[PDB]
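Have a look at entry_31.txt; it's compact mmCIF, C-alpha atoms and all ligand atoms:
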# COMPACT_ATOMS: atom_id res chain seq x y z
CA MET A 1 -28.43 7.91 -66.77
CA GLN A 2 -25.65 7.61 -69.39
CA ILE A 3 -21.91 7.92 -70.06
CA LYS A 4 -20.51 8.92 -73.46
CA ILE A 5 -17.13 7.31 -74.22
CA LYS A 6 -14.68 8.18 -77.00
CA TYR A 7 -11.76 5.78 -77.56
CA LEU A 8 -8.27 6.88 -78.55
CA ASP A 9 -8.47 4.55 -81.62
CA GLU A 10 -10.18 1.50 -83.02
CA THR A 11 -7.62 -0.91 -81.47
CA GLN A 12 -8.60 -0.01 -77.83
CA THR A 13 -10.72 -2.67 -76.23
CA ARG A 14 -14.30 -1.47 -75.73
CA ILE A 15 -15.18 -1.52 -72.00
CA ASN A 16 -17.82 -3.36 -69.84
CA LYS A 17 -21.47 -2.31 -69.95
CA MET A 18 -22.63 -0.84 -66.60
CA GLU A 19 -26.06 -2.37 -65.97
CA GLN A 20 -25.07 -3.91 -62.65
CA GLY A 21 -23.23 -1.29 -60.47
CA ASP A 22 -19.81 -2.99 -60.39
CA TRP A 23 -16.65 -0.95 -60.84
CA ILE A 24 -15.43 -0.90 -64.50
CA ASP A 25 -11.98 -1.98 -65.60
CA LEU A 26 -9.77 0.38 -67.63
CA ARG A 27 -6.75 -0.69 -69.72
CA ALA A 28 -3.35 0.38 -70.93
CA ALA A 29 -3.61 2.06 -74.30
CA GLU A 30 -0.04 1.06 -75.26
CA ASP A 31 2.97 -0.94 -73.91
CA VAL A 32 4.52 0.89 -70.93
CA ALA A 33 7.83 -0.14 -69.25
CA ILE A 34 8.64 1.44 -65.92
CA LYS A 35 11.81 1.02 -63.96
CA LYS A 36 11.93 0.57 -60.26
CA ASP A 37 11.44 3.88 -58.49
CA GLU A 38 10.30 5.59 -61.62
CA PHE A 39 6.97 7.07 -62.61
CA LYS A 40 4.78 6.93 -65.68
CA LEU A 41 1.39 8.36 -66.54
CA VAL A 42 -0.20 5.23 -68.20
CA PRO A 43 -2.69 6.13 -70.85
CA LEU A 44 -6.02 4.51 -70.60
CA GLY A 45 -7.11 5.33 -74.12
CA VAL A 46 -10.53 6.64 -73.07
CA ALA A 47 -12.33 10.04 -72.81
CA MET A 48 -15.75 10.35 -71.20
CA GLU A 49 -18.63 12.70 -70.60
CA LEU A 50 -20.01 11.77 -67.27
CA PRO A 51 -23.66 12.53 -66.25
CA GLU A 52 -24.25 16.04 -64.89
CA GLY A 53 -23.58 16.37 -61.20
CA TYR A 54 -21.28 13.33 -61.15
CA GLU A 55 -17.58 12.62 -60.86
CA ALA A 56 -15.59 9.49 -61.35
CA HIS A 57 -13.15 7.83 -58.97
CA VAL A 58 -10.23 5.68 -60.20
CA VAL A 59 -8.28 3.21 -58.00
CA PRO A 60 -6.08 0.33 -58.81
CA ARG A 61 -7.54 -3.21 -59.17
CA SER A 62 -7.01 -5.62 -56.31
CA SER A 63 -4.43 -7.70 -58.35
CA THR A 64 -2.65 -4.64 -59.84
CA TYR A 65 0.22 -4.68 -57.36
CA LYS A 66 0.76 -8.44 -57.49
CA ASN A 67 0.86 -8.50 -61.25
CA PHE A 68 2.56 -5.22 -62.01
CA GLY A 69 4.32 -3.90 -58.97
CA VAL A 70 2.88 -0.39 -59.19
CA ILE A 71 1.02 1.94 -56.76
CA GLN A 72 -1.18 4.81 -57.77
CA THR A 73 0.57 8.03 -56.85
CA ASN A 74 -2.61 10.17 -56.21
CA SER A 75 -4.21 7.25 -54.29
CA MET A 76 -7.63 7.77 -55.90
CA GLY A 77 -8.08 9.83 -59.01
CA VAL A 78 -11.01 12.20 -59.35
CA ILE A 79 -12.44 12.90 -62.79
CA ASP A 80 -14.92 15.78 -62.70
CA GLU A 81 -17.92 16.13 -64.92
CA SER A 82 -16.08 19.01 -66.51
CA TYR A 83 -13.26 16.86 -67.94
CA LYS A 84 -15.41 16.01 -70.94
CA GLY A 85 -13.31 17.44 -73.86
CA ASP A 86 -12.46 15.62 -77.01
CA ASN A 87 -8.79 15.59 -75.91
CA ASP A 88 -9.57 14.82 -72.20
CA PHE A 89 -8.21 11.33 -72.11
CA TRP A 90 -7.82 9.38 -68.88
CA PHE A 91 -4.45 8.35 -67.31
CA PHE A 92 -3.36 6.04 -64.43
CA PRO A 93 -0.44 7.63 -62.48
CA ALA A 94 1.86 4.68 -61.81
CA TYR A 95 4.95 4.56 -59.56
CA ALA A 96 6.89 1.30 -59.85
CA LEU A 97 8.22 -0.50 -56.76
CA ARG A 98 10.03 -2.95 -58.99
CA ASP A 99 11.04 -3.17 -62.63
CA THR A 100 7.89 -3.75 -64.63
CA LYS A 101 6.28 -4.15 -68.07
CA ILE A 102 2.66 -3.29 -68.75
CA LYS A 103 1.24 -4.42 -72.11
CA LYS A 104 -1.32 -2.72 -74.30
CA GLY A 105 -4.78 -4.01 -73.38
CA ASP A 106 -3.86 -5.05 -69.80
CA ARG A 107 -6.49 -4.07 -67.23
CA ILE A 108 -4.61 -1.75 -64.83
CA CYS A 109 -7.25 0.12 -62.75
CA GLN A 110 -10.95 0.48 -62.13
CA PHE A 111 -13.53 3.29 -61.86
CA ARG A 112 -17.08 4.09 -60.70
CA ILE A 113 -19.14 7.31 -60.70
CA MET A 114 -20.55 9.04 -57.66
CA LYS A 115 -22.72 12.09 -57.07
CA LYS A 116 -20.67 15.22 -56.45
CA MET A 117 -20.97 16.70 -53.04
CA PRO A 118 -23.93 19.06 -52.38
CA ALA A 119 -23.97 22.86 -52.17
CA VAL A 120 -22.17 24.00 -49.02
CA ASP A 121 -21.46 27.40 -47.48
CA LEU A 122 -18.08 27.63 -45.86
CA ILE A 123 -18.25 30.20 -43.06
CA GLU A 124 -15.17 31.29 -41.18
CA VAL A 125 -15.34 31.30 -37.35
CA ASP A 126 -12.98 32.48 -34.63
CA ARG A 127 -13.65 29.47 -32.42
CA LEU A 128 -15.23 26.04 -32.53
CA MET B 1 -26.02 23.16 -45.45
CA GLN B 2 -22.95 24.76 -43.91
CA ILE B 3 -19.36 24.06 -42.83
CA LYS B 4 -17.75 26.12 -40.11
CA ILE B 5 -14.02 26.75 -40.58
CA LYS B 6 -11.44 28.08 -38.11
CA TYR B 7 -8.00 28.97 -39.44
CA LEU B 8 -4.79 28.45 -37.60
CA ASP B 9 -3.76 32.11 -37.97
CA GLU B 10 -4.36 35.18 -40.03
CA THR B 11 -1.66 34.29 -42.62
CA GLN B 12 -3.45 31.05 -43.78
CA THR B 13 -4.95 31.40 -47.17
CA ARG B 14 -8.81 31.40 -46.92
CA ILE B 15 -10.25 28.47 -48.85
CA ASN B 16 -12.87 28.08 -51.64
CA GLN B 20 -19.81 24.08 -56.74
CA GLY B 21 -19.68 20.40 -55.93
CA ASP B 22 -15.95 20.45 -56.84
CA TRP B 23 -13.42 19.06 -54.43
CA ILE B 24 -11.76 21.77 -52.37
CA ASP B 25 -8.05 22.55 -52.23
CA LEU B 26 -6.20 22.42 -48.95
CA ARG B 27 -2.89 24.15 -48.39
CA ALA B 28 0.37 23.76 -46.39
CA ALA B 29 0.26 25.92 -43.20
CA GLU B 30 4.02 26.22 -42.95
CA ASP B 31 7.16 25.28 -44.95
CA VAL B 32 7.89 21.58 -44.71
CA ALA B 33 11.09 19.97 -46.07
CA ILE B 34 10.99 16.15 -46.32
CA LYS B 35 14.04 13.99 -47.28
CA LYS B 36 13.75 10.93 -49.50
CA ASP B 37 12.23 8.02 -47.65
CA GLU B 38 11.07 10.13 -44.74
CA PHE B 39 7.58 11.01 -43.50
CA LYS B 40 6.01 14.18 -42.16
CA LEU B 41 2.60 15.25 -41.15
CA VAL B 42 1.97 18.46 -43.22
CA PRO B 43 -0.36 20.83 -41.32
CA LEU B 44 -3.19 22.33 -43.42
CA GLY B 45 -3.96 25.09 -40.93
CA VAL B 46 -7.72 24.45 -40.84
CA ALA B 47 -10.15 22.99 -38.28
CA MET B 48 -13.71 22.42 -39.31
CA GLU B 49 -17.21 21.59 -38.03
CA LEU B 50 -18.77 19.45 -40.74
CA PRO B 51 -22.42 18.99 -41.12
CA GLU B 52 -24.29 16.62 -38.93
CA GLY B 53 -24.18 13.13 -40.29
CA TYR B 54 -21.34 13.95 -42.80
CA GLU B 55 -17.61 13.04 -43.02
CA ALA B 56 -14.74 14.51 -45.07
CA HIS B 57 -12.44 12.57 -47.47
CA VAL B 58 -8.94 13.86 -48.14
CA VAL B 59 -6.79 12.74 -51.18
CA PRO B 60 -3.77 14.26 -52.99
CA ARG B 61 -4.33 16.59 -55.84
CA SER B 62 -3.73 15.08 -59.23
CA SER B 63 -0.46 17.09 -59.60
CA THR B 64 0.81 16.57 -56.11
CA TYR B 65 3.29 13.74 -57.06
CA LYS B 66 4.62 15.58 -60.19
CA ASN B 67 5.22 18.77 -58.22
CA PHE B 68 6.29 17.36 -54.83
CA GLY B 69 7.22 13.65 -55.16
CA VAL B 70 5.02 12.77 -52.13
CA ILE B 71 2.37 10.05 -51.66
CA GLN B 72 -0.35 10.13 -49.01
CA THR B 73 0.48 7.33 -46.56
CA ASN B 74 -3.16 6.62 -45.50
CA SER B 75 -4.37 6.63 -49.13
CA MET B 76 -7.52 8.64 -48.31
CA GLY B 77 -8.08 10.45 -45.02
CA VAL B 78 -11.48 10.34 -43.31
CA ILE B 79 -12.41 13.28 -41.10
CA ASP B 80 -15.49 12.46 -39.02
CA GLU B 81 -18.23 14.85 -37.95
CA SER B 82 -16.88 14.42 -34.40
CA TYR B 83 -13.45 15.95 -35.23
CA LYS B 84 -14.74 19.41 -34.58
CA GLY B 85 -12.88 20.75 -31.56
CA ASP B 86 -11.07 24.02 -31.40
CA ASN B 87 -7.71 22.25 -31.62
CA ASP B 88 -8.77 19.64 -34.20
CA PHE B 89 -6.63 20.89 -37.06
CA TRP B 90 -6.23 18.85 -40.26
CA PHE B 91 -3.05 17.21 -41.51
CA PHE B 92 -1.78 15.63 -44.76
CA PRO B 93 0.35 12.57 -44.05
CA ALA B 94 3.19 12.73 -46.59
CA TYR B 95 5.85 10.20 -47.53
CA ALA B 96 8.57 11.58 -49.83
CA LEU B 97 9.77 9.47 -52.75
CA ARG B 98 12.53 12.05 -53.42
CA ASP B 99 13.97 14.99 -51.51
CA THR B 100 11.28 17.63 -51.47
CA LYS B 101 10.35 21.14 -50.25
CA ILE B 102 6.76 22.12 -49.60
CA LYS B 103 6.07 25.80 -49.08
CA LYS B 104 3.56 27.59 -46.92
CA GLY B 105 0.48 28.18 -48.95
CA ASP B 106 1.11 25.44 -51.61
CA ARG B 107 -2.04 23.48 -52.50
CA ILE B 108 -1.13 19.95 -51.44
CA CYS B 109 -4.45 17.96 -51.19
CA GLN B 110 -8.18 18.24 -51.65
CA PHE B 111 -11.35 17.29 -49.88
CA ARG B 112 -15.04 16.73 -50.24
CA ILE B 113 -17.84 15.75 -47.86
CA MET B 114 -19.97 12.66 -48.06
CA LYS B 115 -22.95 11.42 -46.08
CA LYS B 116 -21.93 8.83 -43.44
CA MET B 117 -22.89 5.17 -43.84
CA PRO B 118 -26.55 4.25 -42.87
CA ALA B 119 -27.54 2.57 -39.68
CA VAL B 120 -26.60 -1.10 -40.00
CA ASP B 121 -26.36 -4.06 -37.64
CA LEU B 122 -23.45 -6.43 -37.58
CA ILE B 123 -24.70 -9.97 -36.91
CA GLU B 124 -22.37 -12.88 -36.32
CA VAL B 125 -23.19 -16.06 -38.25
CA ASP B 126 -21.30 -19.24 -38.13
CA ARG B 127 -21.66 -19.91 -41.85
CA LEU B 128 -22.22 -17.86 -44.99
CA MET C 1 -30.32 -3.35 -43.04
CA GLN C 2 -27.64 -5.65 -41.67
CA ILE C 3 -24.24 -7.26 -42.41
CA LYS C 4 -23.64 -10.92 -41.66
CA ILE C 5 -20.08 -11.49 -40.35
CA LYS C 6 -18.24 -14.86 -40.08
CA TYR C 7 -14.97 -15.10 -38.25
CA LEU C 8 -12.03 -17.27 -39.21
CA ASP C 9 -11.98 -18.86 -35.73
CA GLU C 10 -12.85 -18.14 -32.09
CA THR C 11 -9.54 -16.37 -31.33
CA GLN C 12 -10.50 -13.41 -33.68
CA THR C 13 -11.64 -10.38 -31.68
CA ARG C 14 -15.24 -9.65 -32.55
CA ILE C 15 -15.73 -6.36 -34.35
CA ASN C 16 -18.19 -3.86 -32.90
CA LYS C 17 -19.58 -0.87 -34.74
CA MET C 18 -20.69 2.52 -33.55
CA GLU C 19 -24.38 3.45 -33.64
CA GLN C 20 -23.41 6.54 -35.58
CA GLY C 21 -22.14 5.72 -39.02
CA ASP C 22 -18.41 5.83 -38.11
CA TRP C 23 -16.00 3.76 -40.14
CA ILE C 24 -15.33 0.33 -38.55
CA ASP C 25 -11.85 -0.84 -37.66
CA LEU C 26 -10.62 -4.27 -38.70
CA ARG C 27 -7.79 -6.27 -37.19
CA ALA C 28 -4.90 -8.46 -38.21
CA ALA C 29 -5.89 -12.21 -37.83
CA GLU C 30 -2.35 -13.35 -36.89
CA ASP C 31 1.10 -11.92 -36.16
CA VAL C 32 2.69 -10.84 -39.43
CA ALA C 33 6.41 -9.77 -39.88
CA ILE C 34 7.15 -7.80 -43.07
CA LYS C 35 10.65 -6.77 -44.21
CA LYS C 36 11.45 -3.49 -45.77
CA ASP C 37 10.31 -3.40 -49.38
CA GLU C 38 8.30 -6.62 -49.08
CA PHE C 39 4.58 -7.14 -49.64
CA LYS C 40 2.16 -9.33 -47.59
CA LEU C 41 -1.54 -9.83 -47.85
CA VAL C 42 -2.49 -9.33 -44.16
CA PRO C 43 -5.47 -11.53 -43.22
CA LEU C 44 -8.21 -9.70 -41.29
CA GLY C 45 -10.04 -12.93 -40.32
CA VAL C 46 -13.59 -11.92 -41.32
CA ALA C 47 -15.88 -12.73 -44.21
CA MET C 48 -19.07 -10.82 -44.68
CA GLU C 49 -22.34 -10.70 -46.53
CA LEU C 50 -22.96 -7.05 -47.26
CA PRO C 51 -26.48 -5.74 -47.88
CA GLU C 52 -27.79 -6.12 -51.35
CA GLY C 53 -26.68 -3.36 -53.71
CA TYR C 54 -23.82 -2.18 -51.46
CA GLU C 55 -20.05 -2.45 -51.52
CA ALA C 56 -17.44 -1.89 -48.79
CA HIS C 57 -14.43 0.39 -49.02
CA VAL C 58 -11.20 -0.46 -47.07
CA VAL C 59 -8.51 2.13 -46.28
CA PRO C 60 -5.78 2.34 -43.76
CA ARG C 61 -6.38 3.92 -40.33
CA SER C 62 -4.69 7.32 -40.07
CA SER C 63 -2.28 5.83 -37.55
CA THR C 64 -1.20 2.76 -39.54
CA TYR C 65 1.81 4.39 -41.18
CA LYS C 66 3.21 5.76 -37.92
CA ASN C 67 2.55 2.53 -36.02
CA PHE C 68 3.49 -0.07 -38.61
CA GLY C 69 5.34 1.56 -41.54
CA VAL C 70 3.03 0.08 -44.27
CA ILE C 71 1.01 1.50 -47.14
CA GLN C 72 -1.93 -0.12 -48.76
CA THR C 73 -0.87 -1.11 -52.23
CA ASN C 74 -4.34 -0.95 -53.87
CA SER C 75 -5.00 2.54 -52.19
CA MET C 76 -8.59 1.64 -51.28
CA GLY C 77 -10.02 -1.89 -51.40
CA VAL C 78 -13.49 -2.46 -52.87
CA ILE C 79 -15.48 -5.39 -51.45
CA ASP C 80 -18.51 -6.18 -53.65
CA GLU C 81 -21.82 -7.63 -52.43
CA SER C 82 -20.89 -10.71 -54.46
CA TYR C 83 -17.86 -11.50 -52.20
CA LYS C 84 -20.07 -13.23 -49.62
CA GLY C 85 -18.94 -16.83 -49.71
CA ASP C 86 -18.00 -18.94 -46.77
CA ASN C 87 -14.34 -18.62 -47.74
CA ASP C 88 -14.30 -15.05 -48.91
CA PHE C 89 -12.10 -13.68 -46.10
CA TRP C 90 -10.88 -10.06 -46.22
CA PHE C 91 -7.27 -8.98 -46.49
CA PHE C 92 -5.23 -5.78 -46.18
CA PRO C 93 -2.65 -5.63 -48.92
CA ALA C 94 0.47 -4.23 -47.15
CA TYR C 95 3.78 -2.93 -48.57
CA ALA C 96 6.36 -2.21 -45.86
CA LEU C 97 8.50 0.89 -46.06
CA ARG C 98 10.54 -0.34 -43.04
CA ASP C 99 11.11 -3.62 -41.22
CA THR C 100 7.93 -4.13 -39.24
CA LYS C 101 5.72 -6.37 -37.18
CA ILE C 102 2.00 -6.36 -36.97
CA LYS C 103 0.43 -8.10 -33.97
CA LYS C 104 -2.64 -10.33 -33.93
CA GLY C 105 -5.67 -8.10 -33.03
CA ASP C 106 -4.05 -4.85 -34.06
CA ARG C 107 -6.52 -2.44 -35.65
CA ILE C 108 -4.85 -1.72 -39.04
CA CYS C 109 -7.46 -0.56 -41.50
CA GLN C 110 -11.02 0.57 -41.55
CA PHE C 111 -14.18 0.07 -43.64
CA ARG C 112 -17.55 1.47 -44.48
CA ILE C 113 -20.41 0.54 -46.84
CA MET C 114 -21.66 2.61 -49.74
CA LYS C 115 -24.43 2.06 -52.22
CA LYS C 116 -23.11 0.67 -55.55
CA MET C 117 -23.19 3.01 -58.51
CA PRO C 118 -26.62 3.14 -60.31
CA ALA C 119 -27.23 1.32 -63.55
CA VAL C 120 -25.82 3.49 -66.31
CA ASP C 121 -25.73 3.30 -70.16
CA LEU C 122 -22.21 3.28 -71.63
CA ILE C 123 -22.53 4.68 -75.14
CA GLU C 124 -19.69 5.03 -77.58
CA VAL C 125 -19.26 8.21 -79.61
CA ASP C 126 -16.88 9.27 -82.36
CA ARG C 127 -16.20 12.63 -80.69
CA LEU C 128 -16.96 14.66 -77.50
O1 LIG D 1 -5.54 12.28 -43.49
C1 LIG D 1 -6.10 12.60 -42.40
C2 LIG D 1 -6.84 11.68 -41.65
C3 LIG D 1 -7.40 12.08 -40.39
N1 LIG D 1 -7.13 13.31 -39.96
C4 LIG D 1 -7.64 13.86 -38.65
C5 LIG D 1 -9.00 13.29 -38.32
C6 LIG D 1 -8.56 12.22 -37.35
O2 LIG D 1 -9.55 11.97 -36.39
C7 LIG D 1 -7.32 12.75 -36.67
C8 LIG D 1 -6.35 11.70 -36.16
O3 LIG D 1 -7.14 10.57 -35.76
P1 LIG D 1 -6.60 9.31 -34.86
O4 LIG D 1 -7.10 9.51 -33.46
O5 LIG D 1 -5.12 9.24 -35.23
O6 LIG D 1 -7.47 7.97 -35.37
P2 LIG D 1 -8.95 7.85 -36.10
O7 LIG D 1 -8.55 8.13 -37.65
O8 LIG D 1 -9.77 6.44 -35.76
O9 LIG D 1 -9.51 9.14 -35.42
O10 LIG D 1 -6.70 13.41 -37.71
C9 LIG D 1 -6.37 14.20 -40.72
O11 LIG D 1 -6.11 15.35 -40.28
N2 LIG D 1 -5.86 13.84 -41.91
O1 LIG D 2 -8.25 -4.63 -50.33
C1 LIG D 2 -8.96 -5.67 -50.65
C2 LIG D 2 -9.56 -5.74 -51.94
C3 LIG D 2 -10.37 -6.81 -52.23
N1 LIG D 2 -10.47 -7.86 -51.34
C4 LIG D 2 -11.15 -9.06 -51.70
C5 LIG D 2 -12.39 -8.79 -52.48
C6 LIG D 2 -11.97 -9.27 -53.90
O2 LIG D 2 -13.12 -9.76 -54.62
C7 LIG D 2 -10.90 -10.30 -53.70
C8 LIG D 2 -9.93 -10.34 -54.89
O3 LIG D 2 -10.57 -10.84 -56.04
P1 LIG D 2 -10.25 -10.28 -57.50
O4 LIG D 2 -11.25 -11.19 -58.18
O5 LIG D 2 -8.76 -10.13 -57.76
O6 LIG D 2 -10.74 -8.74 -57.58
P2 LIG D 2 -12.21 -8.14 -57.66
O7 LIG D 2 -13.25 -8.96 -56.89
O8 LIG D 2 -11.89 -6.82 -57.05
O9 LIG D 2 -12.43 -8.00 -59.22
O10 LIG D 2 -10.20 -9.81 -52.53
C9 LIG D 2 -9.78 -7.78 -50.08
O11 LIG D 2 -9.87 -8.71 -49.24
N2 LIG D 2 -9.11 -6.68 -49.80
Please render this file's structure as structure tokens.
Ligand SMILES: O=c1ccn([C@H]2C[C@H](O)[C@@H](COP(=O)(O)OP(=O)(O)O)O2)c(=O)[nH]1
Ligand SMILES: O=c1ccn([C@H]2C[C@H](O)[C@@H](COP(=O)(O)OP(=O)(O)O)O2)c(=O)[nH]1
Amino acid sequence: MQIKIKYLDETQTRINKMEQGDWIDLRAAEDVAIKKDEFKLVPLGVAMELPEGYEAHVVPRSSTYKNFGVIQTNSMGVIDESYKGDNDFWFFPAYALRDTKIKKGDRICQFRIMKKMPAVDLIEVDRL
Amino acid sequence: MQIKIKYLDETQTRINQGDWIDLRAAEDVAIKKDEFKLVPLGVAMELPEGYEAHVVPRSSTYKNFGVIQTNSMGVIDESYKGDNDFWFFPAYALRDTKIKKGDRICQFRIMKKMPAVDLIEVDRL
Amino acid sequence: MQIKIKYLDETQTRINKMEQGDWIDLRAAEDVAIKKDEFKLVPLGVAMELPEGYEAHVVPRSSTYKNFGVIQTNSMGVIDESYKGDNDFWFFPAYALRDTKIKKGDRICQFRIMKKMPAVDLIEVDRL
């Protein structure tokens, strides 16, 4: 199956090929400084069309906290197959636990795709 | 396949493919900066056999409410299916905040449970 | 399908799993004290060889916040099949929101396996 990827501009680092199944590192599109106890949506400089029936999950890297002192505010980001527009760029929602500087090109998070959940009928009941 | 849902009361907003599903606050919940509260979602559910639920914030949850989910991602097992097994969102407030009854606060999907696997102890890898 | 598990030493409480595919709790390998607003990588005292083509995901137990006042700084840890060396021990990255103590043996996080994402073609495009 395939992913189509548009970059914000020619200066964004092209990302890893995916012929092995490993999660794929995504990078800051520009310098971002965040003060302690402040929040920033860090641009990742990438828009994607994911295979039909799939979604992507985004979490921080293992060394993200050590190096940058940030947590991801939504825990795990979900990118649906439908977020496939030419302006549908990806962002890492960063809350800083300490004063920090993130530089353009720094790897800041990682993503993989997964099959979206199957067809389900929700049915209300009065008692389990 | 089917999920059976019981709602806490008649006032809870009935929920609603493949997309993750929005869950909502069952009552008003005020949380001060640096304080924690379990936010009731006013739903109990009987998931399909051999499936579990995963619960994460919505993308806009932090912008709108200034809360983070303290367990990162909640796992609701197939076996949490009793009549009193209502779901909760564990919220830590990074600023003073006010959640209102009915506000969408998190979202869930189901996923097949891990395969049968045997843990074997070895003294070296 | 199996997982090979090596323990740090004899004093580590062996980890049992449920026949059903429940997530599996892991424990702290030693007594760890963490101050408010400090970070510690909490050793779990286990190294594992996961089945081929699988990865593990590590999240906190629902009760970890209430019992120990810590969040997991990477949201959800990804353990690849490749992290199967004799000194590839697993850790829970903990940030304390209050002064806390975690005891040796305490069940603090939980894991399951999942198949790795399938081989996919990343293909750059000028517009979506
Ligand atoms: O974010 C979550 C996570 C879990 N639960 C439900 C399912 C869970 O079984 C119960 C509380 O479980 P527990 O007995 O505290 O521990 P365990 O998670 O091993 O069941 O709450 C939630 O409502 N929200
Ligand atoms: O929550 C976690 C996340 C990962 N690891 C392990 C697996 C990982 O391989 C190693 C850190 O190595 P890395 O090379 O910084 O990251 P990765 O292997 O994720 O690229 O720590 C943990 O013990 N706990």
Enumerate residues in contact with ligand LIG 1 (chain D): an atom-to-atom distance of at most 9 Å, counting only C-alpha atoms and all ligand atoms. Format the result as a PyMOL selection string.
(chain B and resi 41+43-44+47+56-59+72-80+82-83+88-93) or (chain C and resi 22-25+60-64+110)
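For chain A and chain C, which have identical sequences, superposing all Cα atoms of the second on the first gives an RMSD of 0.5 Å.
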Using atom CA of residue 12 of chain A and atom CA of residue 53 of chain A as the two end points, give the distance in Å to one decimal.
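Atom CA of residue 53 of chain A lies 27.7 Å from atom CA of residue 12 of chain A.
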Using only C-alpha atoms, which protein or nucleic acid residues come within 7 Å of residue 78 of chain C? Drop anything in the same chain fewer than 6 positions from it, and give the result as a ChimeraX atom specification.
/C:55-58
Can you write out the residues you just picked, keeping C-alpha atoms, as an mmCIF file, in the frame of the given file?
data_model
loop_
_atom_site.group_PDB
_atom_site.id
_atom_site.type_symbol
_atom_site.label_atom_id
_atom_site.label_comp_id
_atom_site.auth_asym_id
_atom_site.auth_seq_id
_atom_site.Cartn_x
_atom_site.Cartn_y
_atom_site.Cartn_z
ATOM 1 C CA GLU C 55 -20.050 -2.450 -51.520
ATOM 2 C CA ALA C 56 -17.440 -1.890 -48.790
ATOM 3 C CA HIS C 57 -14.430 0.390 -49.020
ATOM 4 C CA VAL C 58 -11.200 -0.460 -47.070
#
May I have the residues of chain A within 6 Å of chain C, counting all atoms listed in the file, written as a list in words?
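Putting it all together, I get residues 1, 2, 3, 4, 5, 6, 17, 18, 19, 20, 21, 60, 62, 71, 75, 85 and 86 of chain A.
Going from atom CA of residue 111 of chain A over to atom CA of residue 39 of chain B, you cover 29.0 Å.
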Using all atoms listed in the file, which of the listed residues (B:128, B:94, B:122, B:24) sits closest to residue 40 of chain B?
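Going through B:128, B:94, B:122, B:24 one by one, the smallest distance to residue 40 of chain B is for B:94.
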I'd like the interatomic distance between atom CA of residue 47 of chain C and atom CA of residue 84 of chain C, to a tenth of an Å.
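Taking atom CA of residue 47 of chain C as the start and atom CA of residue 84 of chain C as the end point, the length is 6.9 Å.
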Nearest-residue call for ligand LIG 2 (chain D), choices A:33, A:105, A:70, A:65, using only C-alpha atoms and all ligand atoms:
A:65
For ligand LIG 2 (chain D), which of C:87, C:16, C:67, C:11 is the closest residue, counting only C-alpha atoms and all ligand atoms?
C:87
Using all atoms listed in the file, which of C:100, C:42, C:113, C:108 sits nearest ligand LIG 2 (chain D)?
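Under the stated criterion, the closest residue is C:42.
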Near-residue 45 of chain A list (6 Å; only C-alpha atoms; drop same-chain fewer than 5 positions) as a PyMOL selection string
chain A and resi 7-8+29
Given the point (-5.6, 1.7, -69.4) in the coordinates of this file, which residues lie within 6 Å, counting all atoms listed in the file, and how would they look as a list in words?
residues 26, 27, 28, 29, 43, 44 and 108 of chain A
Using all atoms listed in the file for the distances, tell me which of C:101, C:107, C:112, C:46 is nearest to ligand LIG 2 (chain D).
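Smallest separation from ligand LIG 2 (chain D) among the options: C:46.
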Generate the missing atoms of segment 98-104 of chain A up to N, CA, C and O atoms and report them as an mmCIF file, in the frame of the given file.
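Below you can see part-v2.cif, which holds the result:
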data_model
loop_
_atom_site.group_PDB
_atom_site.id
_atom_site.type_symbol
_atom_site.label_atom_id
_atom_site.label_comp_id
_atom_site.auth_asym_id
_atom_site.auth_seq_id
_atom_site.Cartn_x
_atom_site.Cartn_y
_atom_site.Cartn_z
ATOM 1 N N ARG A 98 9.160 -1.935 -58.464
ATOM 2 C CA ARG A 98 10.030 -2.950 -58.990
ATOM 3 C C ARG A 98 9.972 -2.730 -60.489
ATOM 4 O O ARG A 98 8.989 -2.202 -61.010
ATOM 5 N N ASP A 99 11.018 -3.177 -61.178
ATOM 6 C CA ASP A 99 11.040 -3.170 -62.630
ATOM 7 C C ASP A 99 9.793 -3.883 -63.143
ATOM 8 O O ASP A 99 9.440 -4.964 -62.672
ATOM 9 N N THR A 100 9.129 -3.261 -64.109
ATOM 10 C CA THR A 100 7.890 -3.750 -64.630
ATOM 11 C C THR A 100 7.589 -3.421 -66.107
ATOM 12 O O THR A 100 8.000 -2.408 -66.640
ATOM 13 N N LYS A 101 6.732 -4.250 -66.711
ATOM 14 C CA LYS A 101 6.280 -4.150 -68.070
ATOM 15 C C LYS A 101 4.762 -4.274 -68.034
ATOM 16 O O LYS A 101 4.194 -5.182 -67.392
ATOM 17 N N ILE A 102 4.109 -3.266 -68.579
ATOM 18 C CA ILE A 102 2.660 -3.290 -68.750
ATOM 19 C C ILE A 102 2.404 -3.337 -70.246
ATOM 20 O O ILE A 102 3.033 -2.586 -71.018
ATOM 21 N N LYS A 103 1.551 -4.254 -70.697
ATOM 22 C CA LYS A 103 1.240 -4.420 -72.110
ATOM 23 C C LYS A 103 -0.100 -3.761 -72.520
ATOM 24 O O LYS A 103 -1.061 -3.720 -71.800
ATOM 25 N N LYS A 104 -0.119 -3.218 -73.717
ATOM 26 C CA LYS A 104 -1.320 -2.720 -74.300
ATOM 27 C C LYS A 104 -2.458 -3.749 -74.126
ATOM 28 O O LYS A 104 -2.277 -4.968 -74.359
#
